[PDB]
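Here's the structure we're looking at; comments come further down.
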Amino acid sequence: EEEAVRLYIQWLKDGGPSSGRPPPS
């Protein structure tokens, strides 16, 4: 992908907007 999003998705594998992390954007 964009791999801004692969991170993102990766962020979302943790829960994304519920990870406790601000998104990779």
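In the structure tokens, each chain is lettered A, B, ... as it comes, each chain's residues begin at 1, and ligands are numbered from 1 in order of appearance.
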
Neighbouring residues of residue 24 in chain A were defined as those with any atom within 8 Å, considering only C-alpha atoms; residues of the same chain fewer than 2 positions away were excluded. Please report them as a list in words.
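Answer for this query is residues 4, 5, 7, 8, 11 and 22 of chain A.
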
Take the selection from the previous step and output its residues with N, CA, C and O atoms, as a PDB file, in the first residue's frame.
```pdb
ATOM      1  N   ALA A   4       1.861   4.224   4.422  1.00  0.00           N
ATOM      2  CA  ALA A   4       1.597   5.194   5.459  1.00  0.00           C
ATOM      3  C   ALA A   4       0.541   4.550   6.271  1.00  0.00           C
ATOM      4  O   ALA A   4       0.414   4.693   7.483  1.00  0.00           O
ATOM      5  N   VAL A   5      -0.195   3.786   5.514  1.00  0.00           N
ATOM      6  CA  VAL A   5      -1.282   3.062   5.964  1.00  0.00           C
ATOM      7  C   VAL A   5      -0.880   1.673   6.468  1.00  0.00           C
ATOM      8  O   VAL A   5      -1.509   1.135   7.321  1.00  0.00           O
ATOM      9  N   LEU A   7       1.430   0.946   8.188  1.00  0.00           N
ATOM     10  CA  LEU A   7       1.688   1.349   9.551  1.00  0.00           C
ATOM     11  C   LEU A   7       0.429   1.487  10.300  1.00  0.00           C
ATOM     12  O   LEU A   7       0.281   1.149  11.450  1.00  0.00           O
ATOM     13  N   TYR A   8      -0.375   2.180   9.606  1.00  0.00           N
ATOM     14  CA  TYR A   8      -1.695   2.559   9.977  1.00  0.00           C
ATOM     15  C   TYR A   8      -2.546   1.374  10.317  1.00  0.00           C
ATOM     16  O   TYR A   8      -3.041   1.248  11.418  1.00  0.00           O
ATOM     17  N   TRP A  11      -1.161  -0.060  13.079  1.00  0.00           N
ATOM     18  CA  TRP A  11      -1.629   0.717  14.185  1.00  0.00           C
ATOM     19  C   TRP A  11      -2.996   0.195  14.588  1.00  0.00           C
ATOM     20  O   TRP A  11      -3.305   0.017  15.765  1.00  0.00           O
ATOM     21  N   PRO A  22      -1.621   7.974  18.620  1.00  0.00           N
ATOM     22  CA  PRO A  22      -1.982   8.866  17.560  1.00  0.00           C
ATOM     23  C   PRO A  22      -1.591   8.236  16.234  1.00  0.00           C
ATOM     24  O   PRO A  22      -0.500   7.682  16.088  1.00  0.00           O
TER      25      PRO A  22
END
```

List every residue of chain A that DSSP, applied to the backbone, labels as helix (DSSP H, G or I), and write the result as a list in words.
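Residues of chain A classed as helix (DSSP H, G or I): residues 5, 6, 7, 8, 9, 10, 11, 12, 16, 17 and 18 of chain A.
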
Output the selection as a PDB file, in the first residue's frame - N, CA and C atoms for each residue.
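Final output, selection.pdb:
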```pdb
ATOM      1  N   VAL A   5      -0.195   3.786   5.514  1.00  0.00           N
ATOM      2  CA  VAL A   5      -1.282   3.062   5.964  1.00  0.00           C
ATOM      3  C   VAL A   5      -0.880   1.673   6.468  1.00  0.00           C
ATOM      4  N   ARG A   6       0.164   1.080   5.943  1.00  0.00           N
ATOM      5  CA  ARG A   6       0.565  -0.245   6.403  1.00  0.00           C
ATOM      6  C   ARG A   6       0.912  -0.188   7.856  1.00  0.00           C
ATOM      7  N   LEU A   7       1.430   0.946   8.188  1.00  0.00           N
ATOM      8  CA  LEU A   7       1.688   1.349   9.551  1.00  0.00           C
ATOM      9  C   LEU A   7       0.429   1.487  10.300  1.00  0.00           C
ATOM     10  N   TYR A   8      -0.375   2.180   9.606  1.00  0.00           N
ATOM     11  CA  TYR A   8      -1.695   2.559   9.977  1.00  0.00           C
ATOM     12  C   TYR A   8      -2.546   1.374  10.317  1.00  0.00           C
ATOM     13  N   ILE A   9      -2.714   0.532   9.359  1.00  0.00           N
ATOM     14  CA  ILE A   9      -3.249  -0.751   9.538  1.00  0.00           C
ATOM     15  C   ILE A   9      -2.562  -1.448  10.690  1.00  0.00           C
ATOM     16  N   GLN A  10      -1.243  -1.297  10.763  1.00  0.00           N
ATOM     17  CA  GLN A  10      -0.462  -1.914  11.801  1.00  0.00           C
ATOM     18  C   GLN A  10      -0.818  -1.317  13.149  1.00  0.00           C
ATOM     19  N   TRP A  11      -1.161  -0.060  13.079  1.00  0.00           N
ATOM     20  CA  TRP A  11      -1.629   0.717  14.185  1.00  0.00           C
ATOM     21  C   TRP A  11      -2.996   0.195  14.588  1.00  0.00           C
ATOM     22  N   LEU A  12      -3.794  -0.072  13.574  1.00  0.00           N
ATOM     23  CA  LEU A  12      -5.098  -0.635  13.705  1.00  0.00           C
ATOM     24  C   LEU A  12      -5.117  -2.119  14.088  1.00  0.00           C
ATOM     25  N   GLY A  16      -5.834   0.825  16.221  1.00  0.00           N
ATOM     26  CA  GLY A  16      -5.859   2.125  15.584  1.00  0.00           C
ATOM     27  C   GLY A  16      -6.316   3.225  16.507  1.00  0.00           C
ATOM     28  N   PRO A  17      -7.407   3.921  16.172  1.00  0.00           N
ATOM     29  CA  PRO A  17      -7.940   4.993  17.008  1.00  0.00           C
ATOM     30  C   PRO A  17      -8.327   4.537  18.426  1.00  0.00           C
ATOM     31  N   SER A  18      -8.065   3.271  18.749  1.00  0.00           N
ATOM     32  CA  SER A  18      -8.238   2.767  20.106  1.00  0.00           C
ATOM     33  C   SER A  18      -6.935   2.147  20.637  1.00  0.00           C
TER      34      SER A  18
END
```
